[PDB]
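S.K.: The structure follows.
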Amino acid sequence: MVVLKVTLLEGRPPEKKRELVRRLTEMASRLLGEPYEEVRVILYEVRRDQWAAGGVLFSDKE
Amino acid sequence: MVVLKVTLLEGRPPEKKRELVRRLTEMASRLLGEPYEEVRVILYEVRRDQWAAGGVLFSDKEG
Amino acid sequence: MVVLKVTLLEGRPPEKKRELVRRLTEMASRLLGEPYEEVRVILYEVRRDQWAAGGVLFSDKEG
Amino acid sequence: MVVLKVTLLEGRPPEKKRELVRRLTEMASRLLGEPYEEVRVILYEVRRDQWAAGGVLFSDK
Amino acid sequence: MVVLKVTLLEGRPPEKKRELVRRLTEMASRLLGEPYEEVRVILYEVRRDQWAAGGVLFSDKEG
Amino acid sequence: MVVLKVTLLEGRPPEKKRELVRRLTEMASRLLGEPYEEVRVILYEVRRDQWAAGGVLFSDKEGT
């Protein structure tokens, strides 16, 4: 088993999440030689007021 | 201090969650000899639209 | 790059979150010779019904 | 499936860790109705020089 | 930006790891519209004696 | 309780880690109204062949 955790800002439409999960899964499965069904993906969506870069929260930089 | 982080799909009823937290604490305290106050449990509940296996998001669950 | 992840209970005012972030970034930046832009902070806010100490979920405490 | 991550200082005896994994799995499996093989445990062992409380690294006692 | 954390058993050859990182980076950048240079990947390689499934540590299962 | 996890490359000297842990514990204890004993810091040190930016692992960037 291999788990891919993607940290990204929330807001992505369902179709985009679905595409991302499908492509990452195919790629990891083949490349690592893991059973397709054994590849897990978790999307950790962060709020803009929970992520900062260069000392500034994205809720403010927005 | 010992921290048990449980990653599971959202949806479990409160009773089951409080029962899980209780059992994990009692076992961890015992087996590792940690004081109850030092045993912390964090429930990382993942949404159905954020949890995938076999390239399929649970929210898309084919069934 | 340096990543700081803060795990804390939900509920802190945006004012304090904003200051914690600026400060943690400054301290981490100078003490580690990392450029400002290369310092990231993520706030993992946990709900009261996902946070437990001593076998008790905070959502189960009165008040 | 369910994943249980245990963050604890390194140094515990192998049998304590084995027992912990076994007990955690049985209990999570039965309690959450998850198949025994679908329960996963990850032991995140932290070094004494990477763990602090009260501003003091445990390596510094 | 976007961070991809891969949790997998330790032991993969350097070439496998660099290809994995390249593939994940191009795909994440492509599908999410994130600058290729901003995509970060961290490999959380777990020891065989820290990874269990079905109540058994991989180190015991394999050895 | 507040937990601060710092992800950084392995290698910083003891004194530097000690100072980092002190300063961070100072700022967090202050702004979040938390007693020292309740501010935990974990240093998640990653090796150069486990961290990548722009599709390049720090290990390959430094050469072989």
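Following the order of the structure tokens, chains are lettered A, B, ..., residues in each are numbered from 1, and ligands are numbered from 1.
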Superposing chain E on chain C by least squares with every Cα paired in order, what RMSD results?

M.R.: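 Here the RMSD amounts to 0.8 Å.
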
S.K.: Find the spatial neighbours of range 54-58 of chain B, counting only C-alpha atoms, within a cut-off of 10 Å - ignore same-chain residues fewer than 6 positions away - and output them as a list in words.

M.R.: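 Contacts, with the query itself left out: residues 14, 17, 18, 19, 20, 21, 22, 23, 24, 25, 26, 29, 35, 36, 37, 38, 39, 40, 41, 42 and 43 of chain A; 9, 47 and 48 of chain B.
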
S.K.: Residues of chain F within 12 Å of chain B, counting only C-alpha atoms, what are they? List them as a list in words.

M.R.: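 Taking only C-alpha atoms into account, residues 1, 2, 3, 37, 38, 39, 40, 41 and 42 of chain F sit within 12 Å of chain B.
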
S.K.: Could you dump the residues just selected with N, CA and C atoms as a PDB file, in the first residue's frame?

M.R.:
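File produced: again_30.pdb:
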ATOM      1  N   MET F   1      -3.552  22.313  24.995  1.00  0.00           N
ATOM      2  CA  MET F   1      -2.305  21.831  24.334  1.00  0.00           C
ATOM      3  C   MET F   1      -2.230  22.286  22.892  1.00  0.00           C
ATOM      4  N   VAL F   2      -1.036  22.695  22.469  1.00  0.00           N
ATOM      5  CA  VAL F   2      -0.805  23.117  21.091  1.00  0.00           C
ATOM      6  C   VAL F   2       0.426  22.352  20.630  1.00  0.00           C
ATOM      7  N   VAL F   3       0.382  21.817  19.416  1.00  0.00           N
ATOM      8  CA  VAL F   3       1.530  21.080  18.893  1.00  0.00           C
ATOM      9  C   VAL F   3       2.075  21.801  17.673  1.00  0.00           C
ATOM     10  N   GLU F  37       4.103  23.854  29.590  1.00  0.00           N
ATOM     11  CA  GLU F  37       3.954  22.405  29.608  1.00  0.00           C
ATOM     12  C   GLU F  37       2.986  21.910  28.545  1.00  0.00           C
ATOM     13  N   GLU F  38       2.145  22.805  28.032  1.00  0.00           N
ATOM     14  CA  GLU F  38       1.156  22.426  27.028  1.00  0.00           C
ATOM     15  C   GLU F  38       1.544  22.764  25.591  1.00  0.00           C
ATOM     16  N   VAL F  39       2.733  23.321  25.405  1.00  0.00           N
ATOM     17  CA  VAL F  39       3.213  23.640  24.071  1.00  0.00           C
ATOM     18  C   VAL F  39       4.243  22.559  23.740  1.00  0.00           C
ATOM     19  N   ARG F  40       3.927  21.730  22.749  1.00  0.00           N
ATOM     20  CA  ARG F  40       4.819  20.647  22.346  1.00  0.00           C
ATOM     21  C   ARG F  40       5.404  20.976  20.988  1.00  0.00           C
ATOM     22  N   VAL F  41       6.692  20.718  20.822  1.00  0.00           N
ATOM     23  CA  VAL F  41       7.326  20.962  19.542  1.00  0.00           C
ATOM     24  C   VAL F  41       7.940  19.662  19.058  1.00  0.00           C
ATOM     25  N   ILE F  42       7.694  19.350  17.796  1.00  0.00           N
ATOM     26  CA  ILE F  42       8.246  18.145  17.207  1.00  0.00           C
ATOM     27  C   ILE F  42       9.054  18.580  16.003  1.00  0.00           C
TER      28      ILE F  42
END

S.K.: Please check the contacts: residues of chain D at most 7 Å away from chain E, using only C-alpha atoms, listed as an NGL selection string.

M.R.: :D and (21-22 or 25 or 36-43)

S.K.: From chain F, collect each residue whose DSSP state is strand (DSSP E or B) and return the set as a list in words.

M.R.: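 The strand (DSSP E or B) subset of chain F is residues 2, 3, 4, 5, 6, 7, 8, 9, 39, 40, 41, 42, 43, 44, 45, 46, 51, 52, 53, 56 and 57 of chain F.
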
S.K.: Find the spatial neighbours of range 10-19 of chain F, counting only C-alpha atoms, within a cut-off of 10 Å - ignore same-chain residues fewer than 4 positions away - and output them as a PyMOL selection string.

M.R.: (chain C and resi 31-32) or (chain D and resi 49-50+52+55-57+59-60) or (chain F and resi 23-25+43-48)

S.K.: Give me a file of those residues, with N, CA and C atoms, as an mmCIF file, in the first residue's frame.

M.R.:
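Listed below is the output, out13.cif:
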data_model
loop_
_atom_site.group_PDB
_atom_site.id
_atom_site.type_symbol
_atom_site.label_atom_id
_atom_site.label_comp_id
_atom_site.auth_asym_id
_atom_site.auth_seq_id
_atom_site.Cartn_x
_atom_site.Cartn_y
_atom_site.Cartn_z
ATOM 1 N N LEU C 31 16.381 32.624 12.856
ATOM 2 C CA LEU C 31 17.094 31.575 13.568
ATOM 3 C C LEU C 31 17.610 30.455 12.668
ATOM 4 N N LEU C 32 17.042 30.328 11.471
ATOM 5 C CA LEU C 32 17.437 29.265 10.555
ATOM 6 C C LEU C 32 17.997 29.766 9.243
ATOM 7 N N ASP D 49 16.032 14.136 20.625
ATOM 8 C CA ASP D 49 16.504 15.445 20.224
ATOM 9 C C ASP D 49 15.584 16.104 19.193
ATOM 10 N N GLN D 50 14.352 15.600 19.081
ATOM 11 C CA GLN D 50 13.347 16.150 18.141
ATOM 12 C C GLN D 50 12.001 16.353 18.851
ATOM 13 N N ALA D 52 10.105 18.195 22.177
ATOM 14 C CA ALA D 52 10.182 19.179 23.252
ATOM 15 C C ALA D 52 8.841 19.475 23.883
ATOM 16 N N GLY D 55 9.464 24.122 26.067
ATOM 17 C CA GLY D 55 10.675 24.727 25.549
ATOM 18 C C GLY D 55 11.923 23.888 25.785
ATOM 19 N N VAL D 56 11.758 22.655 26.260
ATOM 20 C CA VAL D 56 12.918 21.805 26.523
ATOM 21 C C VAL D 56 12.958 20.471 25.768
ATOM 22 N N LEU D 57 13.999 20.287 24.956
ATOM 23 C CA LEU D 57 14.179 19.047 24.202
ATOM 24 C C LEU D 57 14.399 17.937 25.212
ATOM 25 N N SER D 59 16.157 15.436 24.949
ATOM 26 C CA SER D 59 17.546 15.003 24.924
ATOM 27 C C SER D 59 18.298 15.790 25.990
ATOM 28 N N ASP D 60 17.780 16.968 26.327
ATOM 29 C CA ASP D 60 18.390 17.794 27.360
ATOM 30 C C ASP D 60 17.745 17.452 28.693
ATOM 31 N N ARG F 23 12.425 29.734 21.250
ATOM 32 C CA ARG F 23 11.755 30.881 20.651
ATOM 33 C C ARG F 23 10.330 30.540 20.220
ATOM 34 N N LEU F 24 10.164 29.415 19.531
ATOM 35 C CA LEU F 24 8.827 29.018 19.096
ATOM 36 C C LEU F 24 7.903 28.814 20.287
ATOM 37 N N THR F 25 8.401 28.149 21.317
ATOM 38 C CA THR F 25 7.574 27.887 22.485
ATOM 39 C C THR F 25 7.198 29.203 23.159
ATOM 40 N N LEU F 43 10.286 18.095 15.925
ATOM 41 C CA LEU F 43 11.128 18.422 14.802
ATOM 42 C C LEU F 43 11.099 17.219 13.880
ATOM 43 N N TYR F 44 10.448 17.397 12.742
ATOM 44 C CA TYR F 44 10.353 16.349 11.735
ATOM 45 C C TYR F 44 11.478 16.654 10.754
ATOM 46 N N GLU F 45 12.627 16.017 10.956
ATOM 47 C CA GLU F 45 13.786 16.245 10.111
ATOM 48 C C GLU F 45 13.774 15.283 8.934
ATOM 49 N N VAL F 46 13.814 15.842 7.736
ATOM 50 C CA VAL F 46 13.777 15.011 6.546
ATOM 51 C C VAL F 46 15.133 14.979 5.867
ATOM 52 N N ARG F 47 15.446 13.839 5.272
ATOM 53 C CA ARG F 47 16.719 13.690 4.604
ATOM 54 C C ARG F 47 16.655 14.305 3.222
ATOM 55 N N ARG F 48 17.811 14.627 2.661
ATOM 56 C CA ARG F 48 17.839 15.251 1.346
ATOM 57 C C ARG F 48 17.256 14.408 0.223
#

S.K.: Using only C-alpha atoms, can you tell me which of E:38, E:44, E:10, E:18 comes closest to chain C?

M.R.: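 Looking only at the distances to chain C, the closest residue turns out to be E:38.
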
S.K.: Using only C-alpha atoms, tabulate the residues of chain E lying at most 9 Å from any atom of chain A, each with its closest atom pair and that distance in Å to one decimal, by chain and increasing residue number, as JSON lines.

M.R.:
{"residue": "E:1", "atom": "CA", "partner": "A:8", "partner_atom": "CA", "distance": 6.9}
{"residue": "E:2", "atom": "CA", "partner": "A:8", "partner_atom": "CA", "distance": 5.1}
{"residue": "E:3", "atom": "CA", "partner": "A:7", "partner_atom": "CA", "distance": 5.0}
{"residue": "E:4", "atom": "CA", "partner": "A:6", "partner_atom": "CA", "distance": 4.6}
{"residue": "E:5", "atom": "CA", "partner": "A:5", "partner_atom": "CA", "distance": 5.1}
{"residue": "E:6", "atom": "CA", "partner": "A:4", "partner_atom": "CA", "distance": 4.7}
{"residue": "E:7", "atom": "CA", "partner": "A:3", "partner_atom": "CA", "distance": 5.2}
{"residue": "E:8", "atom": "CA", "partner": "A:2", "partner_atom": "CA", "distance": 5.1}
{"residue": "E:9", "atom": "CA", "partner": "A:2", "partner_atom": "CA", "distance": 8.0}
{"residue": "E:12", "atom": "CA", "partner": "A:32", "partner_atom": "CA", "distance": 8.4}
{"residue": "E:16", "atom": "CA", "partner": "A:31", "partner_atom": "CA", "distance": 7.4}
{"residue": "E:19", "atom": "CA", "partner": "A:31", "partner_atom": "CA", "distance": 8.2}
{"residue": "E:20", "atom": "CA", "partner": "A:31", "partner_atom": "CA", "distance": 6.9}
{"residue": "E:23", "atom": "CA", "partner": "A:27", "partner_atom": "CA", "distance": 7.5}
{"residue": "E:24", "atom": "CA", "partner": "A:24", "partner_atom": "CA", "distance": 7.0}
{"residue": "E:27", "atom": "CA", "partner": "A:24", "partner_atom": "CA", "distance": 7.6}
{"residue": "E:28", "atom": "CA", "partner": "A:20", "partner_atom": "CA", "distance": 7.4}
{"residue": "E:31", "atom": "CA", "partner": "A:20", "partner_atom": "CA", "distance": 6.6}
{"residue": "E:32", "atom": "CA", "partner": "A:16", "partner_atom": "CA", "distance": 7.9}

S.K.: Tell me, in Å to one decimal, how far CA of residue 57 in chain A is from CA of residue 5 in chain F.

M.R.: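 Between CA of residue 57 in chain A and CA of residue 5 in chain F the gap works out to 18.0 Å.
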
S.K.: Would you list, as number ranges by chain, the residues of chain F that end up in helix (DSSP H, G or I) under DSSP run on this structure's backbone?

M.R.: F: 14-31, 36-38, 48-50, 58-61

S.K.: Mind listing as a count of residues only which residues of chain B are within 6 Å of chain C, counting only C-alpha atoms?

M.R.: 10

S.K.: Any idea what the distance is between CA of residue 13 in chain A and CA of residue 54 in chain F?

M.R.: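 Interatomic distance here is 24.8 Å.
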
S.K.: Expressed in Å to a single decimal, how great is the separation between CA of residue 30 in chain D and CA of residue 13 in chain B?

M.R.: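 Atom-to-atom, CA of residue 30 in chain D and CA of residue 13 in chain B are spaced 15.4 Å apart.
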